[PDB]
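Since every read-out is calculated from the coordinates, none of them should be taken as a lab result. Here the Cβ positions follow ideal geometry from the backbone for every residue, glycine too, while neighbour counts run over all protein chains shown.
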Amino acid sequence: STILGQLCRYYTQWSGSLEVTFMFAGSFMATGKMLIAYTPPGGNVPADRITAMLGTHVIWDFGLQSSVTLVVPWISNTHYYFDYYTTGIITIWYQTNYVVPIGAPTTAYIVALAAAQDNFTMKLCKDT
Amino acid sequence: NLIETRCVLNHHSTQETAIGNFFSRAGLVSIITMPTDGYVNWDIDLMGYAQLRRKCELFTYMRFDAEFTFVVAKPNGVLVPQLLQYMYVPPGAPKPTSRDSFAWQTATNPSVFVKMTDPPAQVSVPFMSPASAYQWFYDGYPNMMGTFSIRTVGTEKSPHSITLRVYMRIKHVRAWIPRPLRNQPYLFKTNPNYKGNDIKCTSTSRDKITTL
Amino acid sequence: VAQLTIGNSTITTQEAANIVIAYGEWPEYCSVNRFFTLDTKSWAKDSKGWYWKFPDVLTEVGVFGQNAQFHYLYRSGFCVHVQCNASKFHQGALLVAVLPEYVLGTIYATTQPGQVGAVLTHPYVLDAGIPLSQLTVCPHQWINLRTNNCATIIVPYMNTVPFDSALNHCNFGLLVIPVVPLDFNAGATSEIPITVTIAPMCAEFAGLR
Amino acid sequence: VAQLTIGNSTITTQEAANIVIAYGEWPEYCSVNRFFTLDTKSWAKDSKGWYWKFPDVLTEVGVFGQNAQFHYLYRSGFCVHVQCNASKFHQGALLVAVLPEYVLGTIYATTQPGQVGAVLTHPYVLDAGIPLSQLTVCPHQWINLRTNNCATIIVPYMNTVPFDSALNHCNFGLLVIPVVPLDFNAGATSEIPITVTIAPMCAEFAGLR
């Protein structure tokens, strides 16, 4: 659904860094914490929050900041069918529960945004 | 009991609350009776009495010397011409097991030879810990200062009853890391166990919050 | 609202110049330095208190957990950060204090609770025979849900020896006690979370693996 | 909170240096300049979106409406201001974006809706076959009811010719789409208003009456 994932269908190989932006869209009176963990490629997905904390993670509390940015350091593809693909895994963990007073809604939503960095390039134009 | 009169107006000197003057005087730590085995072993303990246990547990680390005095007499006042020996066994040295053990003539255990008709003996013991301070509270899993062994000198038993009391002064005191004061009755001398069935409130009560 | 970053760990904490340094001394010397964020405890209406033992809380967590299990000697300071997440319609007051050589008493799993921590059964006597009213002679900090939601204490190394083993001796304990109990009206969030964040400062190891 | 005044029209808008200029270009040249405040739209729980076509929105309003109907050629930039009025107990998120040459598609009154504007039937495909997920490649701005209640975009003149007729060609379209739907508890105000304010910048007319 991104414009980055549609322009990569017009090429064969690409390499660079990304950045993923989250955005909380709940009421002003609500507060809590989330853990945005990132696993490097080749590693395994975390089983619980205590092992996801030991990797690369941010602690995004939405009672203070309405938006956070996580940077994936490097991705790479060489397409051939099969592709030689080194990608990580992003996981969102409940650090605390969702704290809400009376009158404010109990369910909120997060929007995820994604883009490329200044060192992202691609080559070998290809028809889709 | 409350009298409105006689307010004092001048401030006092701060030297009454110095850490040396809080422990400056000598108090009784043990009463040793030897009626007619023939020897007593008393290893040095400060937490034996409820007083000075609550006063040393105000801090976490303490570092001091000691000075012992041995007031010795009969069970009622009397003093007879009797020769006595007070052997100090350092930490890590064996204690005497009987009246004629070989540890009584061990040269590295220093002894004091007094008579009962003398003034009391006085002995200064230095800081004997391998650490840099004593600690009354150790959270981990495994403060010895020594042992005093007391007997009457001779190869046969003496026809006298010996009763001595030990007085100890604490010198060159340094204290670290203050701590809340104990408000529950003590149970054992080693651990800070309290009786959890009944808890004594720190303050005594009143009827209403407005009735002063 | 700043955004602290040490190592590969990032927390977002507001810039507040009301830290407390334990006894006015900074932790100094004679990849383990990052932000370790513990599991979160739920403050309820009938909760009593919690405690964590140091450095027993980080003996099985991360590269600090494996450096303790292999090396023989150990020495570090700490930077503890306790924060709360509640609305403007909740009320209560916590007391966050450290206590060196905090020895518990029976009325082991209770003495060494680990990463989770244990709960106080009799918080009036701190489960050690000493009253809660004089706990503020220790390095402490108040969390009052009316005004602030954050507390941070800088703890140096306190021991009689310059280096010690990390697997038996516990240097201090961190106590979080609800002096004024939590209250709200019906329909609000019934359990308020409390998050503890630890960062070692000037950690040294001297014994071989 | 400032108080802007252009012409005989006064709005009270807080001073906020987070305007967005479309493609980094300011509207320049090759009594119509005032604040036109449109009718207010009600955001409900099941609303889908709205759109306005420019300069079709001001063809029957004011002296800009009669200058378009009499003169032959036309060229202007715009300064669109979309703001929302909600409490601290409401939640939702709007996406306010402009889109040059926004051509709709059948699955005219719908293509030229006027001052009121029309509503989107399928907002996932923007009623044109293009996804909503990539609408942010256009000059856009987020209205998140948690943080801000205001959005302003400065749009220059975008055409292949320096002057154009104002009565058939519509230069761009302003799209306001609730990506995250509105939510509240029962007893709060059920419909939240959305107000659009337009001000022409550097307007020129070259054709005689």
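Of all residues in the stretch D:107-125, count the ones that are over 14 Å from D:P178 (Cα atoms) and part of a loop (DSSP other than H, G, I, E, B). Walk me through it before giving the result.
If we filter the stretch D:107-125 for residues that are over 14 Å from D:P178 (Cα atoms), which is where we start, we get D:107-118.
Okay, now just the ones that are also part of a loop (DSSP other than H, G, I, E, B), so D:107-117.
Counting residues in the stretch D:107-125 that are over 14 Å from D:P178 (Cα atoms) and part of a loop (DSSP other than H, G, I, E, B) gives 11.
Which of the residues belonging to the stretch B:147-182 are assigned to a loop (DSSP other than H, G, I, E, B), more than 30 Å from C:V125 (Cβ to Cβ) and among the basic types (K, R)?
The initial filter retains those residues of the stretch B:147-182 that are assigned to a loop (DSSP other than H, G, I, E, B), namely B:153-161, B:179-182.
Still in the list and also more than 30 Å from C:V125 (Cβ to Cβ): B:153-161.
Correct list: B:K157 only.
Of all residues in the stretch B:152-210, which are aliphatic (A, V, I, L, M) and under 21 Å from C:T121 (Cα atoms)? Steps first, answer last, please.
First pass over the stretch B:152-210, keeping only residues aliphatic (A, V, I, L, M): B:153, B:162, B:164, B:166, B:168, B:170, B:173, B:175, B:177, B:181, B:187, B:199, B:209.
Matches in the stretch B:152-210: B:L181, B:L187, B:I199.
Among the numbered criteria (1) under 23 Å from C:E191 (Cα atoms); (2) within 14 Å of chain A (Cβ to nearest Cβ); (3) buried (at least 21 other Cβ atoms within 10 Å of the Cβ), which one does C:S87 miss?
(3)
Tell me the residue from D:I143, D:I177 that is within 14 Å of another protein chain (Cβ to nearest Cβ), touching a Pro at 6+ places or on another chain (Cβ under 6 Å) and of a type in the set (A, V, I, L, M, F, W, C), please. Give the steps one after another, and end with the answer.
Details: D:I143 fails: touching a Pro at 6+ places or on another chain (Cβ under 6 Å).
Only one candidate passes the filter, namely D:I177.
Here are some residues: D:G92, D:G77, D:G62. Which one is among the small types (G, A, S) and within 19 Å of D:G173 (Cα to Cα)?
It is D:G77.
Could you figure out which of (1) of a type outside the set (D, E, K, R); (2) part of a loop (DSSP other than H, G, I, E, B); (3) within 25 Å of B:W176 (Cα to Cα) isn't true of B:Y61?
Result: B:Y61 fails condition (2) only.
Within the stretch D:184-209, work out how many residues are of a type in the set (S, T, Y) and either closer than 17 Å to D:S165 by Cα or away from chain A (no Cβ under 14 Å) (or both). Even if it seems obvious, please write down each step before you answer.
As a first pass, look at the stretch D:184-209 and keep what is of a type in the set (S, T, Y): D:189-190, D:195, D:197.
Now restrict to residues that are either closer than 17 Å to D:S165 by Cα or away from chain A (no Cβ under 14 Å) (or both): D:195, D:197.
Qualifying residue count for the region: 2.
Working only within the stretch A:25-64, note down all residues that are more than 8 Å from chain C (Cβ to nearest Cβ), under 29 Å from C:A188 (Cβ atoms) and assigned to a strand (DSSP E or B).
Correct list: A:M34, A:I36.
Tell me, yes or no, whether the stretch D:105-112 has at least one residue that is surrounded by fewer than 16 Cβ atoms within 10 Å (Cβ to Cβ), β-branched (V, I, T), touching a strand residue (DSSP E or B) at 6+ places or on another chain (Cβ under 9 Å) and more than 14 Å from every other protein chain (Cβ to nearest Cβ).
As a first pass, look at the stretch D:105-112 and keep what is surrounded by fewer than 16 Cβ atoms within 10 Å (Cβ to Cβ): D:105-112.
Remaining after also requiring β-branched (V, I, T): D:106-107, D:110-111.
Applying the additional criterion that residues be touching a strand residue (DSSP E or B) at 6+ places or on another chain (Cβ under 9 Å) yields D:110-111.
Adding the requirement that they be more than 14 Å from every other protein chain (Cβ to nearest Cβ) leaves D:110-111.
Scanning the stretch D:105-112, I find at least one residue that is surrounded by fewer than 16 Cβ atoms within 10 Å (Cβ to Cβ), β-branched (V, I, T), touching a strand residue (DSSP E or B) at 6+ places or on another chain (Cβ under 9 Å) and more than 14 Å from every other protein chain (Cβ to nearest Cβ), so the answer is yes.
For the subset of the stretch B:156-212 comprising residues that are of a type in the set (K, R) and farther than 30 Å from B:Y39 by Cα, which member is farthest from the other protein chains (Cβ to nearest Cβ)?
Here is the first cut: in the stretch B:156-212, the residues of a type in the set (K, R) are B:157, B:165, B:169, B:171, B:174, B:179, B:182, B:189, B:195, B:200, B:206, B:208.
Keeping just the survivors that are farther than 30 Å from B:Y39 by Cα gives B:174, B:179, B:182, B:195, B:200, B:206, B:208.
Working: B:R174: 12, B:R179: 7, B:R182: 6, B:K195: 7, B:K200: 9, B:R206: 17, B:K208: 21 Å.
Going through the qualifying residues, I end up with B:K208.
Given (1) in a loop (DSSP other than H, G, I, E, B); (2) within 11 Å of chain C (Cβ to nearest Cβ), identify the lone condition not met by A:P105.
That leaves (2) as the condition not met.
Restricting attention to the stretch C:1-49, report how many residues are touching a strand residue (DSSP E or B) at 6+ places or on another chain (Cβ under 9 Å), hydrophobic (A, V, I, L, M, F, W, C) and either within 14 Å of chain A (Cβ to nearest Cβ) or not in a loop (DSSP other than H, G, I, E, B) (or both).
Going through the stretch C:1-49 one residue at a time, the tally reaches 13.
What's the number of the only condition in (1) of a type outside the set (D, E); (2) touching a strand residue (DSSP E or B) at 6+ places or on another chain (Cβ under 6 Å); (3) farther than 25 Å from B:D198 by Cα that C:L135 fails to meet?
(3)
Just to verify a result, which residue in the stretch A:69-102, among those that are in a strand (DSSP E or B) and within 14 Å of chain C (Cβ to nearest Cβ), is farthest from A:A52 (Cα to Cα)? First the steps, then the outcome.
Step one: filter the stretch A:69-102 for residues in a strand (DSSP E or B), giving A:69-79, A:83-86, A:89-94, A:99.
The next check asks that each one be within 14 Å of chain C (Cβ to nearest Cβ); those that pass are A:69-73, A:93-94, A:99.
Numbers: A:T69: 17, A:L70: 15, A:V71: 16, A:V72: 16, A:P73: 17, A:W93: 9, A:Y94: 11, A:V99: 23 Å.
So the residue we want is A:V99.
Take the stretch D:50-84 and flag every residue that is in a strand (DSSP E or B), away from chain A (no Cβ under 14 Å) and farther than 25 Å from D:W26 by Cα.
Residues of the stretch D:50-84 in a strand (DSSP E or B): D:50-54, D:74-84.
Next, only the ones that are away from chain A (no Cβ under 14 Å) stay: D:50-54, D:74-83.
Matches in the stretch D:50-84: D:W50 only.
Condition first: of a type outside the set (S, T, Y), within 13 Å of chain D (Cβ to nearest Cβ) and either touching a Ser or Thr at 6+ places or on another chain (Cβ under 6 Å) or in a loop (DSSP other than H, G, I, E, B) (or both). Now tell me which residues in the stretch A:1-24 satisfy that. Quick ask: steps written out before the conclusion?
We begin by selecting, within the stretch A:1-24, every residue of a type outside the set (S, T, Y); these are A:3-9, A:13-14, A:16, A:18-20, A:22-24.
Among the residues that remain, those that are also within 13 Å of chain D (Cβ to nearest Cβ) are: A:3-7, A:22-24.
A:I3, A:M23, A:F24 - these are the residues of the stretch A:1-24 that are of a type outside the set (S, T, Y), within 13 Å of chain D (Cβ to nearest Cβ) and either touching a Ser or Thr at 6+ places or on another chain (Cβ under 6 Å) or in a loop (DSSP other than H, G, I, E, B) (or both).
Do we have B:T147 as more than 21 Å from the chain's Cα centre (by Cα) and surrounded by 16 or more Cβ atoms within 10 Å (Cβ to Cβ) here?
Values: more than 21 Å from the chain's Cα centre (by Cα): no; surrounded by 16 or more Cβ atoms within 10 Å (Cβ to Cβ): yes.
Here the answer is no, as B:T147 does not meet what is asked.
Let me confirm something: among D:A151, D:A128, which residue is away from chain A (no Cβ under 14 Å) and not in a strand (DSSP E or B)? Please lay out each step first, then the result.
On the way: D:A151 fails: not in a strand (DSSP E or B).
Going through D:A151, D:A128 in turn, just one is away from chain A (no Cβ under 14 Å) and not in a strand (DSSP E or B): D:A128.
Only one of these conditions is not met by D:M158: (1) out of contact with any strand residue (DSSP E or B) (no Cβ under 6 Å at 6 or more places or on another chain); (2) more than 10 Å from chain A (Cβ to nearest Cβ). Which number is it?
Condition not satisfied by D:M158: (1).
Being in a loop (DSSP other than H, G, I, E, B) and either farther than 30 Å from B:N197 by Cβ or out of contact with any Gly (no Cβ under 7 Å at 6 or more places or on another chain) (or both) narrows it down to one of C:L94, C:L104, so name that one.
On the way: C:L94 fails: in a loop (DSSP other than H, G, I, E, B).
Sole residue among the options that is in a loop (DSSP other than H, G, I, E, B) and either farther than 30 Å from B:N197 by Cβ or out of contact with any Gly (no Cβ under 7 Å at 6 or more places or on another chain) (or both): C:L104.
Taking the criterion of being over 17 Å from the mean Cα position of the chain (by Cα) and under 26 Å from A:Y98 (Cβ atoms), would at least one residue in the stretch C:157-174 satisfy it?
no
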